[PDB]
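> Experimental structure and sequence below, a few questions after.
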Number of protein chains: 2
Amino acid sequence: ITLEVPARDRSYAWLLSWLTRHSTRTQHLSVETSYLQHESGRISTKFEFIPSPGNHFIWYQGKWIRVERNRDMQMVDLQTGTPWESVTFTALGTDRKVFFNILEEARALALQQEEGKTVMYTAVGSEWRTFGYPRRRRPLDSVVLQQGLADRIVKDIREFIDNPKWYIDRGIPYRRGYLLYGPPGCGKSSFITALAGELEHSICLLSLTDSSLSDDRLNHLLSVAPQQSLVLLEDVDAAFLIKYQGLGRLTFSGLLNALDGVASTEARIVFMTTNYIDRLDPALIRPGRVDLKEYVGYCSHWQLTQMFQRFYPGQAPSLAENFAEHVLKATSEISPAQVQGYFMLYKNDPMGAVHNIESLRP
Amino acid sequence: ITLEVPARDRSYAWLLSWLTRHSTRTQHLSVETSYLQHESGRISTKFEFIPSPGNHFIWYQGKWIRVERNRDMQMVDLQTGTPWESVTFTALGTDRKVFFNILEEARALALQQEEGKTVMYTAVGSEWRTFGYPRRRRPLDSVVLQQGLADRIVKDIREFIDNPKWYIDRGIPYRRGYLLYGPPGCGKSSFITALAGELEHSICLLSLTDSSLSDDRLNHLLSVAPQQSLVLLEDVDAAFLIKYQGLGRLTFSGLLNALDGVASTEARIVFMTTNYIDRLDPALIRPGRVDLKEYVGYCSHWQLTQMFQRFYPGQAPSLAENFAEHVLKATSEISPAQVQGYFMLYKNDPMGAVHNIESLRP
Ligand SMILES: Nc1ncnc2c1ncn2[C@@H]1O[C@H](COP(=O)(O)OP(=O)(O)OP(O)(O)=S)[C@@H](O)[C@H]1O
Ligand SMILES: Nc1ncnc2c1ncn2[C@@H]1O[C@H](COP(=O)(O)OP(=O)(O)OP(O)(O)=S)[C@@H](O)[C@H]1O
Ligand SMILES: [Mg+2]
Ligand SMILES: [Mg+2]
C-alpha cells in the first residue's frame, strides 16, 4: 500500500506546513512558540500546533490517509544534531499519483505563503534551512546611490536572468558574480536587500569564517542552493591575508575552485561585499568569478538632495538644494548614514534641519 | 536459496538505480528531492522514489524475487557516517546465474544513463562517489588555445589510450601525467573539462589540502579510481612550500610515492594545474610523473581573431582582424577572460564591440 518517508532533507518544511494547514482535526499536537512581525513593528508571540509522535489521520480528497511521526530518537551525529525526525504518509491504495499530487500542493502553498516578503536562508551543516521568519521588503526607491548605479546593476542582472539560451549556444557557464566595495556606511548591504526584494529573489547567507566549513562542504553547499536565490559573502577579505585566518578547515584554492572551477553549478548569482579592495587577491576578483565591480562611496550633491526629498516629502526643491549645498560646504566627506542620523534627530522639522547644519563639522 | 548483500561499496548506486527503474509497483517508497538541469538552464526540483526498509517485491523474468533494505542503524563510524545502509536480494532458487545477470543489467543501465554528459566524482572517505548530477559537455571548439596546443595534447592522450601493448612488451608502467601552467584566466580548467568531454571520459576531483587525507588513504584512493576517468589535482603548489601547509596528515614523500612509486596502479591519467611553476619541487614535475608540461598563456593575434569569430558568427573576417589588431595595440597582455567579459557587455552588437576597444587600456 502507498507509503512515503520524507527522510528529513530539503522537503520536511513544506510537508510540515501542509500538515498544519489542511488538517484542523489533528491530535497529538505540539507547541511551537515564535515571534510574529505584525504591521507597525509591534511584534507578538505566536503559537503553531505541529505534529508529535503517534498516529495522526487526515481526510483529504479521495481516500482516508494515515500520517505519522516516527521519532525513535537515536541521534549520535551532526547530520541533524537533534532527533532524526522522520515522517510517514500512508494509505490503502496502490495508485501513487495522488501522493505526488498532495506533495506538489504542499510545495505550491509553501511558495505562496511568502507573497510580498523576503526569505533568508542559512547554512545548517551542509544544507540550507529557513532562518527566522519572512522579513519586510525594503523598497528600492529608499536606497539612494550615485547617479546611475542602481539602474545599471539592476539592468545587468535582469539581462542575465532573461537570456539563458545565449549562454548555452556558446558553451559559457551560466554563472555571474558581483562585487560591491567602498567605505563604511555607504549602502552595500541595504542595496543588496533592496535588489533581492525587487527581483522576487531570496537570500542565502554564507559565513566563510565558520568552524564547520571544509572545502568539500562548501563545494556541496553552493551546488544545492535554492532556486531563484542570491548567495552572499559578507567581508570576504577578512578570511584570507593566500592563508586562512579563521576557525575552520577552509583553504584559498578550495574557495576559488568552488566559485568557478570544474564542478561548479549553473544558474547561480553570488554577491560579495568588502570595505578594503587592496587586500583581495587578483585571482578572486578577475573576470569569470566577478564580472562587475562597483564603488559605493561617499555622498555627493545629488545624493543629499534626493535623501532630503525622501525624508521630508512635501517641500520645495529650493530647500533641499540649500541643505545639500550647506552640508557639502561644511564637511568634505560625509556618508549617507551620518545624514540619516542627523535627520533622525529632527523628525518632521525641515527648517530645523536646514538651520542646524553646523553640528556636522567634526 | 539465492541471497545477495551489496554491503554498500562501489555498487550500491547501480542497484538502487535499477530498483527504481524496473519495479514501478513498489511500496515502502521514499522521497529524494534534488535539482534537475533542463535544457536552457531553467533548473527545477525533482523527486525520485527510492526504497525504505521493510519488504519489497519485484517480478523480473523467471521467478518472483524479494528485495529488501535492512537498515538497523548502528553507525558509530566514519566508514559511512550515516546508517550502514545494507540491501538484500533473495529468491527461491539455487541457480545463481540469474542474479549475476540482473546485476550486470543494472551496470549496463547505469553506464547508459550518462550518454551525452560528463560525470564528476568526489572523495567520500576513501571511496569515490557521484557528486551532484551529470553536467553538460562543454564543446571543445569553444575553448580557443594557442595555435596547435589542443591538437597536440588530444593526440598524445589518444595515442596513449590506443597503444597499451607497447607499454607492456617493454616493462614500462602504464601511467601518464600532464601539467598545465600559466597566469590566471587563460584556459586551464575549461580545457580540462572540454578534453574530458571529448574522450568520453569522466573526472575525479581530489583536494590535497583536506582534513581526512593521510598518505595511505591517498594511496588507496588513486588505486580504486573509476575506469575511464581522469584524475585532477587543482593547485598542487598550495599544498607544499618539502613541508605541508594544509589541514591533514599528508606528507611530500607520500604524494610522490602515490603518484609514481612501487605500489602505483595501471591505466591512470592524472592532470595537475598550477599558476606558479617555480614553487614546485623538481622531484614532482620530472618525467615519469609528469610527461608533458604546457603553458597556457596570455592572448595573441590568432586567439583574439578566433574568439571574435566564435562570439559573433556571420561576420566578414576583416572585422575580426580589425578587432584583434586594435586590442593587441591597446594593451600589452590581455587574458581571454577579460575579452569574454568585454563581449558579454556588447551582446549581438559587433560594431559596438569594434568601436569601444579603448575601454580596455587600464
Ligand atoms: N544610499 C543610501 N541611502 C539611504 N541610506 C543609506 C545609504 N547608504 C547607506 N545608508 C544607510 O546605511 C545604513 C547601513 O547601510 P550598510 O549598507 O549596512 O552600510 P555598510 O556598508 O554595511 O557598513 P558596514 O561596513 O557594514 S558597518 C542604513 O541605516 C542605511 O539607511
Ligand atoms: N582560450 C579560451 N577560450 C575561451 N574562454 C577562455 C579561454 N581561456 C580562458 N577562458 C575563460 O576563462 C574562464 C575560466 O577559465 P579557467 O580555466 O577557470 O581560468 P583559470 O586558469 O582556472 O583561472 P584561475 O586561476 O582558476 S582564477 C571561462 O569563463 C572561460 O570562458
Ligand atoms: Mg554591511
Ligand atoms: Mg581553474
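Cool, got the structure. Numbers count the residues shown, from 1 in each chain, chains lettered A, B, ... in the order given. Ligands and ions are numbered 1, 2, ... in the order given.
> and residue A:84, how many neighbours?
17 (other C-beta atoms under 10 Å in any protein chain shown). Any C-beta I mention is one placed from the backbone N, CA and C, and that applies to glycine too.
> likewise residue A:86?
Residue A:86 has 17 neighbouring residues, counting by other C-beta under 10 Å.
> mind listing what it touches?
Neighbour list for residue A:86: A:5, A:6, A:7, A:8, A:69, A:70, A:71 [criterion: C-beta atoms under 8 Å, 6 or more residues apart in numbering or on different chains].
> Mind giving me the ChimeraX select for the residues you listed, buried ones only?
Buried residues among the contacts of residue A:86 (16 or more other C-beta atoms under 10 Å in any protein chain shown), as a ChimeraX selection:
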select /A:5,6,7,8,69,71
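> Could you point out the member of the contacts of residue A:86 that lies closest to residue A:343?
The closest of the contacts of residue A:86 to residue A:343 turns out to be residue A:8 (C-beta to C-beta; 48.4 Å).
> so what's the residue of the stretch 201-350 of chain A found nearest ligand 1 up against?
Residue nearest to ligand 1 within the stretch 201-350 of chain A (C-beta to the nearest ligand atom): residue A:336, separated by 3.5 Å. Counting by C-beta under 8 Å, 6+ apart, residue A:336 makes contact with A:144, A:185, A:186, A:187, A:299, A:303, A:307.
> Cross-check those residues against ligand 1 and keep the overlap.
A:144, A:185, A:186, A:187 (C-beta under 6 Å from any ligand atom).
> restrict the residues you listed to those near chain B?
The subset of these within reach of chain B, by C-beta under 8 Å from any C-beta of the partner chain, is empty.
> Redo those as a markdown table? Include secondary structure and neighbour count.
As requested, those are exported to a markdown table (DSSP: H, G, I helix; E, B strand; the rest coil; neighbours: other C-beta atoms under 10 Å in any protein chain shown):
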| residue | secondary structure | neighbour count |
| --- | --- | --- |
| A:144 | coil | 21 |
| A:185 | coil | 17 |
| A:186 | coil | 22 |
| A:187 | coil | 23 |
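> returning to what we had before: can you tell me which of the contacts of residue A:86 are in strands?
Within the contacts of residue A:86, residues falling in strands by DSSP state E are residue A:69.
> and which of the contacts of residue A:86 is nearest residue A:30?
Relative to residue A:30, the closest of those is residue A:69; by C-beta to C-beta it sits at 9.8 Å.
> from what I can see that closest one touches residue A:88, true?
Yes - Residue A:69 lies in contact with residue A:88 (C-beta atoms under 8 Å); the separation is 7.1 Å.
> Contacts only, for the nearest residue to residue A:38 once chain neighbours are set aside.
Take residue A:38 and drop its neighbours on the chain: the residue closest to it by C-beta to C-beta, 6 or more residues apart in numbering or on different chains is residue A:44, 6.2 Å away. Residues in contact with residue A:44 (C-beta under 8 Å, 6+ apart) are A:35, A:36, A:38.
> can you list the residues of chain A near ligand 1?
Chain A has residues A:143-145, A:184-190, A:275, A:336-337, A:340 near ligand 1, with proximity defined as C-beta under 6 Å from any ligand atom.
> And those, which two are furthest apart?
Pairwise distances across the residues of chain A next to ligand 1 (C-beta to C-beta) peak at 20.1 Å, for the pair A:144 and A:275.
> dump the residue contacts of the nearest residue to residue A:362 once chain neighbours are set aside.
Excluding its sequence neighbours, the residue lying closest to residue A:362 (C-beta to C-beta, 6+ apart) is residue A:331, at 6.8 Å. By C-beta under 8 Å, 6+ apart, the contact set of residue A:331 is A:360, A:361, A:362.
> Could you dump these into a markdown table with secondary structure, neighbour count and distance to residue B:27 added?
Shown next, in a markdown table, are the contacts of residue A:331 (DSSP: H, G, I helix; E, B strand; the rest coil; neighbours: other C-beta atoms under 10 Å in any protein chain shown; distance: C-beta to C-beta, whole Å):
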| residue | secondary structure | neighbour count | distance to residue B:27 |
| --- | --- | --- | --- |
| A:360 | helix | 15 | 73 |
| A:361 | coil | 10 | 78 |
| A:362 | coil | 7 | 74 |
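> and of the residues you listed, the nearest to ligand 2?
Closest approach between these and ligand 2, by C-beta to the nearest ligand atom: residue A:362, at 42.1 Å.
> and the helix or strand hosting residue A:154, what does it pack onto?
Element membership of residue A:154 [criterion: DSSP states H and E] is helix A:150-161. The contact analysis (3 or more C-beta pairs under 8 Å, 6 or more residues apart in numbering or on different chains; DSSP states H and E) places helix A:150-161 against strand A:175-181, helix A:188-198.
> what ranges do the strands span in the stretch 51-200 of chain A?
Here the stretch 51-200 of chain A has its strands, by DSSP state E, counting those that start in this stretch, at A:54-59, A:64-69, A:88-91, A:117-118, A:120-124, A:127-130, A:135-136, A:175-181.
> buried residues in the fifth one?
It stands for strand A:120-124. The neighbour-count check on strand A:120-124 (16+ other C-beta under 10 Å) flags A:120, A:121, A:123 as buried.
> now do stretch A:216-227
Neighbour-count burial for stretch A:216-227 flags A:216, A:217, A:218, A:219, A:220, A:221, A:222, A:223, A:225, A:226 (criterion: 16+ other C-beta under 10 Å).
> picking that back up, looking at the helices and strands packed on helix A:150-161, which is closest to residue B:59?
Residue B:59 sits nearest to strand A:175-181 of all the helices and strands packed on helix A:150-161, at 46.2 Å, using C-beta to C-beta.
> Output the contacts of residue A:336 as CSV; include the columns distance to ligand 2.
Converted to CSV, the contacts of residue A:336 look like this (distance: C-beta to the nearest ligand atom, whole Å):
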residue, distance to ligand 2
A:144, 34
A:185, 31
A:186, 28
A:187, 28
A:299, 35
A:303, 35
A:307, 39
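> how about TSV for the residues you listed, with distance to residue A:26 added?
Formatted as TSV, the contacts of residue A:336 follow (distance: C-beta to C-beta, whole Å):
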residue	distance to residue A:26
A:144	50
A:185	50
A:186	51
A:187	48
A:299	56
A:303	55
A:307	52
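> can I get the strands of the stretch 51-200 of chain A in JSON lines with distance to residue B:61?
What follows is the strands of the stretch 51-200 of chain A, written out as JSON lines (distance: least, C-beta to C-beta, whole Å):
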{"stretch": "strand A:54-59", "distance to residue B:61": "40"}
{"stretch": "strand A:64-69", "distance to residue B:61": "35"}
{"stretch": "strand A:88-91", "distance to residue B:61": "30"}
{"stretch": "strand A:117-118", "distance to residue B:61": "55"}
{"stretch": "strand A:120-124", "distance to residue B:61": "46"}
{"stretch": "strand A:127-130", "distance to residue B:61": "41"}
{"stretch": "strand A:135-136", "distance to residue B:61": "58"}
{"stretch": "strand A:175-181", "distance to residue B:61": "47"}
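> looking at those strands, which is buried most?
strand A:175-181 (a mean of 21; mean count of other C-beta atoms under 10 Å in any protein chain shown).
> Ligand 2 versus the nearest residue to residue A:135 once chain neighbours are set aside, what's the distance?
Sequence neighbours aside, residue A:118 is the residue nearest to residue A:135 in space, at 5.0 Å (criterion: C-beta to C-beta, 6+ apart). Applying C-beta to the nearest ligand atom, to the nearest Å, the value for residue A:118 to ligand 2 is 31 Å.
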